[PDB]
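Listing of data.pdb; format and content: PDB, C-alpha atoms.
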MODEL        1
ATOM      1  CA  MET L   4     -22.798 -16.395   7.693  1.00  0.00           C
ATOM      2  CA  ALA L   5     -24.693 -13.361   8.988  1.00  0.00           C
ATOM      3  CA  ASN L   6     -24.180 -10.041   7.204  1.00  0.00           C
ATOM      4  CA  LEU L   7     -22.186  -8.818   4.204  1.00  0.00           C
ATOM      5  CA  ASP L   8     -20.105  -6.428   6.307  1.00  0.00           C
ATOM      6  CA  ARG L   9     -17.170  -8.824   6.641  1.00  0.00           C
ATOM      7  CA  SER L  10     -15.294  -8.395   3.359  1.00  0.00           C
ATOM      8  CA  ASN L  11     -16.043  -4.671   3.174  1.00  0.00           C
ATOM      9  CA  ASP L  12     -14.115  -4.223   6.423  1.00  0.00           C
ATOM     10  CA  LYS L  13     -11.429  -6.757   5.508  1.00  0.00           C
ATOM     11  CA  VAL L  14     -10.170  -4.819   2.487  1.00  0.00           C
ATOM     12  CA  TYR L  15     -10.587  -1.480   4.257  1.00  0.00           C
ATOM     13  CA  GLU L  16      -8.447  -2.966   7.028  1.00  0.00           C
ATOM     14  CA  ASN L  17      -5.597  -4.515   5.040  1.00  0.00           C
ATOM     15  CA  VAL L  18      -5.294  -1.314   3.007  1.00  0.00           C
ATOM     16  CA  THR L  19      -4.418   0.359   6.308  1.00  0.00           C
ATOM     17  CA  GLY L  20      -2.147  -2.239   7.877  1.00  0.00           C
ATOM     18  CA  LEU L  21       0.146  -2.397   4.855  1.00  0.00           C
ATOM     19  CA  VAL L  22       0.466   1.386   5.098  1.00  0.00           C
ATOM     20  CA  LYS L  23       1.581   1.123   8.723  1.00  0.00           C
ATOM     21  CA  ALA L  24       4.526  -1.040   7.670  1.00  0.00           C
ATOM     22  CA  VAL L  25       5.390   1.072   4.627  1.00  0.00           C
ATOM     23  CA  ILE L  26       5.990   4.043   6.923  1.00  0.00           C
ATOM     24  CA  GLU L  27       7.510   2.078   9.802  1.00  0.00           C
ATOM     25  CA  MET L  28      10.189   0.507   7.604  1.00  0.00           C
ATOM     26  CA  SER L  29      10.801   3.924   6.048  1.00  0.00           C
ATOM     27  CA  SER L  30      11.732   5.117   9.538  1.00  0.00           C
ATOM     28  CA  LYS L  31      14.328   2.475  10.404  1.00  0.00           C
ATOM     29  CA  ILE L  32      15.200   2.033   6.729  1.00  0.00           C
ATOM     30  CA  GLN L  33      18.635   3.562   7.304  1.00  0.00           C
ATOM     31  CA  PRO L  34      19.609   1.408  10.314  1.00  0.00           C
ATOM     32  CA  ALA L  35      17.795  -1.480   8.630  1.00  0.00           C
ATOM     33  CA  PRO L  36      20.246  -4.372   9.160  1.00  0.00           C
ATOM     34  CA  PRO L  37      20.975  -7.143   6.623  1.00  0.00           C
ATOM     35  CA  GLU L  38      18.999  -9.581   8.772  1.00  0.00           C
ATOM     36  CA  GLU L  39      15.901  -7.374   8.723  1.00  0.00           C
ATOM     37  CA  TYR L  40      16.100  -6.811   4.966  1.00  0.00           C
ATOM     38  CA  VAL L  41      15.307 -10.429   4.103  1.00  0.00           C
ATOM     39  CA  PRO L  42      12.022 -10.453   6.065  1.00  0.00           C
ATOM     40  CA  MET L  43      11.363  -6.801   5.230  1.00  0.00           C
ATOM     41  CA  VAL L  44      10.632  -7.613   1.586  1.00  0.00           C
ATOM     42  CA  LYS L  45       8.392 -10.474   2.706  1.00  0.00           C
ATOM     43  CA  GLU L  46       6.227  -7.953   4.557  1.00  0.00           C
ATOM     44  CA  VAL L  47       5.681  -5.551   1.657  1.00  0.00           C
ATOM     45  CA  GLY L  48       5.341  -8.481  -0.724  1.00  0.00           C
ATOM     46  CA  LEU L  49       2.418  -9.771   1.326  1.00  0.00           C
ATOM     47  CA  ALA L  50       0.572  -6.448   1.211  1.00  0.00           C
ATOM     48  CA  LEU L  51       0.609  -6.155  -2.581  1.00  0.00           C
ATOM     49  CA  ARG L  52      -0.230  -9.833  -3.060  1.00  0.00           C
ATOM     50  CA  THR L  53      -3.034  -9.570  -0.504  1.00  0.00           C
ATOM     51  CA  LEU L  54      -4.385  -6.389  -2.092  1.00  0.00           C
ATOM     52  CA  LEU L  55      -5.084  -8.396  -5.247  1.00  0.00           C
ATOM     53  CA  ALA L  56      -7.338 -10.776  -3.318  1.00  0.00           C
ATOM     54  CA  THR L  57      -8.827  -8.090  -1.074  1.00  0.00           C
ATOM     55  CA  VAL L  58     -10.046  -6.104  -4.080  1.00  0.00           C
ATOM     56  CA  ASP L  59     -11.260  -9.289  -5.767  1.00  0.00           C
ATOM     57  CA  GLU L  60     -13.868  -9.728  -3.032  1.00  0.00           C
ATOM     58  CA  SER L  61     -14.477  -5.973  -3.024  1.00  0.00           C
ATOM     59  CA  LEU L  62     -16.091  -6.234  -6.458  1.00  0.00           C
ATOM     60  CA  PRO L  63     -19.338  -7.757  -5.122  1.00  0.00           C
ATOM     61  CA  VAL L  64     -19.079  -6.101  -1.709  1.00  0.00           C
ATOM     62  CA  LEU L  65     -19.510  -2.819  -3.583  1.00  0.00           C
ATOM     63  CA  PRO L  66     -22.056  -1.710  -6.215  1.00  0.00           C
ATOM     64  CA  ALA L  67     -20.992  -2.130  -9.842  1.00  0.00           C
ATOM     65  CA  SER L  68     -19.762   1.296 -10.946  1.00  0.00           C
ATOM     66  CA  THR L  69     -16.139   1.652  -9.847  1.00  0.00           C
ATOM     67  CA  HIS L  70     -14.939  -1.600 -11.415  1.00  0.00           C
ATOM     68  CA  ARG L  71     -13.070   0.405 -14.054  1.00  0.00           C
ATOM     69  CA  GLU L  72     -10.125   1.373 -11.850  1.00  0.00           C
ATOM     70  CA  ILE L  73     -10.497  -1.836  -9.843  1.00  0.00           C
ATOM     71  CA  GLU L  74      -9.908  -3.947 -12.951  1.00  0.00           C
ATOM     72  CA  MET L  75      -6.884  -1.944 -14.097  1.00  0.00           C
ATOM     73  CA  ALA L  76      -5.658  -2.141 -10.502  1.00  0.00           C
ATOM     74  CA  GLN L  77      -5.492  -5.936 -10.678  1.00  0.00           C
ATOM     75  CA  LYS L  78      -3.008  -6.390 -13.522  1.00  0.00           C
ATOM     76  CA  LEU L  79      -1.279  -3.181 -12.435  1.00  0.00           C
ATOM     77  CA  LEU L  80      -0.792  -4.585  -8.933  1.00  0.00           C
ATOM     78  CA  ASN L  81       1.143  -7.572 -10.276  1.00  0.00           C
ATOM     79  CA  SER L  82       3.551  -5.352 -12.210  1.00  0.00           C
ATOM     80  CA  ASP L  83       4.157  -3.143  -9.173  1.00  0.00           C
ATOM     81  CA  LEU L  84       5.115  -6.317  -7.307  1.00  0.00           C
ATOM     82  CA  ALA L  85       7.938  -7.478  -9.574  1.00  0.00           C
ATOM     83  CA  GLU L  86       8.947  -3.837 -10.008  1.00  0.00           C
ATOM     84  CA  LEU L  87       9.147  -3.216  -6.261  1.00  0.00           C
ATOM     85  CA  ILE L  88      10.861  -6.484  -5.343  1.00  0.00           C
ATOM     86  CA  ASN L  89      13.209  -5.834  -8.264  1.00  0.00           C
ATOM     87  CA  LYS L  90      14.635  -2.507  -7.095  1.00  0.00           C
ATOM     88  CA  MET L  91      14.469  -3.542  -3.438  1.00  0.00           C
ATOM     89  CA  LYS L  92      16.371  -6.717  -4.316  1.00  0.00           C
ATOM     90  CA  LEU L  93      19.168  -4.562  -5.734  1.00  0.00           C
ATOM     91  CA  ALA L  94      19.606  -2.499  -2.569  1.00  0.00           C
ATOM     92  CA  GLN L  95      20.043  -5.739  -0.626  1.00  0.00           C
ATOM     93  CA  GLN L  96      23.175  -6.282  -2.714  1.00  0.00           C
ATOM     94  CA  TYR L  97      24.154  -2.623  -3.062  1.00  0.00           C
ATOM     95  CA  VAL L  98      24.183  -2.169   0.714  1.00  0.00           C
ATOM     96  CA  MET L  99      27.198  -4.267   1.696  1.00  0.00           C
ATOM     97  CA  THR L 100      29.340  -2.136  -0.614  1.00  0.00           C
ATOM     98  CA  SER L 101      28.653   1.476   0.357  1.00  0.00           C
ATOM     99  CA  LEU L 102      25.937   2.844  -1.928  1.00  0.00           C
ATOM    100  CA  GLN L 103      23.160   1.997   0.529  1.00  0.00           C
ATOM    101  CA  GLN L 104      21.656   5.391   1.357  1.00  0.00           C
ATOM    102  CA  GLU L 105      21.330   5.925  -2.396  1.00  0.00           C
ATOM    103  CA  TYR L 106      19.115   2.935  -3.181  1.00  0.00           C
ATOM    104  CA  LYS L 107      17.357   3.643   0.117  1.00  0.00           C
ATOM    105  CA  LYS L 108      16.136   7.070  -0.995  1.00  0.00           C
ATOM    106  CA  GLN L 109      14.669   5.834  -4.280  1.00  0.00           C
ATOM    107  CA  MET L 110      13.454   2.669  -2.556  1.00  0.00           C
ATOM    108  CA  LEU L 111      11.199   4.625  -0.196  1.00  0.00           C
ATOM    109  CA  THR L 112       9.832   6.588  -3.152  1.00  0.00           C
ATOM    110  CA  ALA L 113       8.503   3.389  -4.720  1.00  0.00           C
ATOM    111  CA  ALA L 114       6.949   2.067  -1.511  1.00  0.00           C
ATOM    112  CA  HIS L 115       5.484   5.546  -1.034  1.00  0.00           C
ATOM    113  CA  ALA L 116       3.308   5.331  -4.145  1.00  0.00           C
ATOM    114  CA  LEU L 117       2.337   1.762  -3.252  1.00  0.00           C
ATOM    115  CA  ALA L 118       1.160   2.595   0.268  1.00  0.00           C
ATOM    116  CA  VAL L 119      -0.987   5.495  -0.935  1.00  0.00           C
ATOM    117  CA  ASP L 120      -2.149   3.453  -3.925  1.00  0.00           C
ATOM    118  CA  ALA L 121      -3.330   0.488  -1.856  1.00  0.00           C
ATOM    119  CA  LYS L 122      -5.342   2.930   0.255  1.00  0.00           C
ATOM    120  CA  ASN L 123      -6.621   4.958  -2.698  1.00  0.00           C
ATOM    121  CA  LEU L 124      -8.096   1.718  -4.039  1.00  0.00           C
ATOM    122  CA  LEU L 125     -10.785   1.563  -1.352  1.00  0.00           C
ATOM    123  CA  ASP L 126     -10.935   5.353  -1.083  1.00  0.00           C
ATOM    124  CA  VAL L 127     -11.973   5.616  -4.733  1.00  0.00           C
ATOM    125  CA  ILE L 128     -14.599   2.867  -4.732  1.00  0.00           C
ATOM    126  CA  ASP L 129     -15.816   4.449  -1.495  1.00  0.00           C
ATOM    127  CA  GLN L 130     -17.462   7.199  -3.545  1.00  0.00           C
ATOM    128  CA  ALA L 131     -19.579   4.489  -5.169  1.00  0.00           C
ATOM    129  CA  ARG L 132     -20.758   3.030  -1.860  1.00  0.00           C
ATOM    130  CA  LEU L 133     -22.248   6.393  -0.887  1.00  0.00           C
ATOM    131  CA  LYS L 134     -23.585   6.895  -4.412  1.00  0.00           C
ATOM    132  CA  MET L 135     -26.081   4.084  -3.831  1.00  0.00           C
ATOM    133  CA  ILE L 136     -26.830   4.815  -0.175  1.00  0.00           C
ATOM    134  CA  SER L 137     -27.362   8.559  -0.582  1.00  0.00           C
ATOM    135  CA  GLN L 138     -29.889   8.160  -3.396  1.00  0.00           C
ATOM    136  CA  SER L 139     -32.100   5.081  -3.077  1.00  0.00           C
ATOM    137  CA  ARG L 140     -32.106   1.638  -1.462  1.00  0.00           C
ATOM    138  CA  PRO L 141     -29.608   2.213   1.382  1.00  0.00           C
ATOM    139  CA  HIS L 142     -27.507  -0.477   3.060  1.00  0.00           C
ATOM    140  CA  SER L 158      -7.379   3.772  11.407  1.00  0.00           C
ATOM    141  CA  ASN L 159      -9.114   6.848   9.995  1.00  0.00           C
ATOM    142  CA  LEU L 160      -8.893   8.609   6.630  1.00  0.00           C
ATOM    143  CA  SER L 161      -7.287  11.736   8.084  1.00  0.00           C
ATOM    144  CA  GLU L 162      -5.125   9.591  10.364  1.00  0.00           C
ATOM    145  CA  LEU L 163      -3.541   7.881   7.357  1.00  0.00           C
ATOM    146  CA  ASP L 164      -3.197  11.211   5.552  1.00  0.00           C
ATOM    147  CA  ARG L 165      -0.969  12.795   8.197  1.00  0.00           C
ATOM    148  CA  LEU L 166       1.040   9.575   8.450  1.00  0.00           C
ATOM    149  CA  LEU L 167       1.665   9.629   4.698  1.00  0.00           C
ATOM    150  CA  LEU L 168       2.908  13.219   4.879  1.00  0.00           C
ATOM    151  CA  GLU L 169       5.718  12.355   7.293  1.00  0.00           C
ATOM    152  CA  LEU L 170       6.717   9.454   5.047  1.00  0.00           C
ATOM    153  CA  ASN L 171       7.366  11.938   2.240  1.00  0.00           C
ATOM    154  CA  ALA L 172       9.629  14.138   4.361  1.00  0.00           C
ATOM    155  CA  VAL L 173      11.453  11.056   5.647  1.00  0.00           C
ATOM    156  CA  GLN L 174      12.376  10.243   2.048  1.00  0.00           C
ATOM    157  CA  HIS L 175      13.665  13.732   1.247  1.00  0.00           C
ATOM    158  CA  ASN L 176      16.191  13.474   4.081  1.00  0.00           C
ATOM    159  CA  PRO L 177      16.732  12.408   7.717  1.00  0.00           C
ATOM    160  CA  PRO L 178      15.899  14.539  10.785  1.00  0.00           C
ATOM    161  CA  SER L 179      18.889  16.886  10.646  1.00  0.00           C
TER
ENDMDL
END

Can you dump the structure from the file as structure tokens?
Amino acid sequence: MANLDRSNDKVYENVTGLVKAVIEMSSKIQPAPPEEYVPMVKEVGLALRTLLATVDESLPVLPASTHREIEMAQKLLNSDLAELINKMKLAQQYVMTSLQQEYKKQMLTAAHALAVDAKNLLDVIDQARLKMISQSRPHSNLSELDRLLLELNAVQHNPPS
């Protein structure tokens, strides 16, 4: 081991990667074939599951002060998992019939809150990191993700003409 700047970057990294997929899939969600749906869920499922561990190590990596939301985020994360995979699992069966675009719209909505949530996790605790530094005993961009999230919203409302 060397420094304690390994886990701090790990979580801040995963929180971004997962977002990249959330939007990507939302783009080709329509044309999303039945062969890409199987693995698709596996991708999102990994993000949420990973987030649980990422935050776990974030506790110590950050100064005790923002554990409130972090704690509630743990149990909450689990629920979001079963909830997400649940609805998504339905679309996989309600796609061969005809009502695909329907479940697709709502589907994106769910993943939308998840993507932003996973990111907000580190964003929130971030305020604590500076709280200690800018006071005493000191120790993939924000805007980039913001703009990306915006498009995701519009993509859900409806396709490009």

Problem - Target residues per the PyMOL selection byres ((chain L and resi 28-36) around 10), formatted as a count of residues only - result: 30

Problem - Nearby residues (all atoms listed in the file) at most 8 Å from residue 57 of chain L, same-chain spacing under 6 positions excluded, as a PyMOL selection string - result: chain L and resi 10+13-14+17

Handout entry: Of the listed residues L:109, L:75, L:62, L:117, that which approaches residue 48 of chain L most closely, counting only C-alpha atoms
Key = L:117

Exercise for the section: In Å, rounded to a single decimal, give me how far atom CA of residue 16 of chain L is from atom CA of residue 4 of chain L. Expected result: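 Taking atom CA of residue 4 of chain L and atom CA of residue 16 of chain L, their separation equals 19.7 Å.
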
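In terms of minimum interatomic distance to residue 91 of chain L, L:44 ranks closest within L:78, L:58, L:44, L:68, counting all atoms listed in the file.
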
Find the residues with any atom within 8 Å of (-5.8, 2.8, 4.7); use only C-alpha atoms and the coordinates as given in the file, and write the answer as a short mmCIF file (atom, residue, chain, number, x, y, z; two decimals) with C-alpha atoms, keeping the file's coordinate frame.
data_model
loop_
_atom_site.label_atom_id
_atom_site.label_comp_id
_atom_site.auth_asym_id
_atom_site.auth_seq_id
_atom_site.Cartn_x
_atom_site.Cartn_y
_atom_site.Cartn_z
CA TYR L 15 -10.59 -1.48 4.26
CA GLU L 16 -8.45 -2.97 7.03
CA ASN L 17 -5.60 -4.51 5.04
CA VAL L 18 -5.29 -1.31 3.01
CA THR L 19 -4.42 0.36 6.31
CA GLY L 20 -2.15 -2.24 7.88
CA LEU L 21 0.15 -2.40 4.86
CA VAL L 22 0.47 1.39 5.10
CA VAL L 119 -0.99 5.50 -0.94
CA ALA L 121 -3.33 0.49 -1.86
CA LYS L 122 -5.34 2.93 0.26
CA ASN L 123 -6.62 4.96 -2.70
CA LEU L 125 -10.78 1.56 -1.35
CA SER L 158 -7.38 3.77 11.41
CA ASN L 159 -9.11 6.85 9.99
CA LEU L 160 -8.89 8.61 6.63
CA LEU L 163 -3.54 7.88 7.36
#

Fill in the blank from the handout: For residue 42 of chain L, the closest of L:74, L:141, L:92, L:168 counting all atoms listed in the file is L:92

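Using all atoms listed in the file for every distance, the candidate list L:50, L:90, L:113, L:128 yields L:128 as the residue closest to residue 70 of chain L.
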
Completion exercise
Students should find that atom CA of residue 79 of chain L and atom CA of residue 162 of chain L are spaced 26.4 Å

Practice task
Quick one: apply the PyMOL selection byres ((chain L and resi 8) around 12) to the file and drop the selected residues here as number ranges by chain.
Solution key: L: 4-7, 9-15, 60-61, 63-65, 142

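Selection by the PyMOL selection byres ((chain L and resi 131) around 9) on the present file picks out residues 65, 66, 67, 68, 69, 127, 128, 129, 130, 132, 133, 134, 135 and 136 of chain L.
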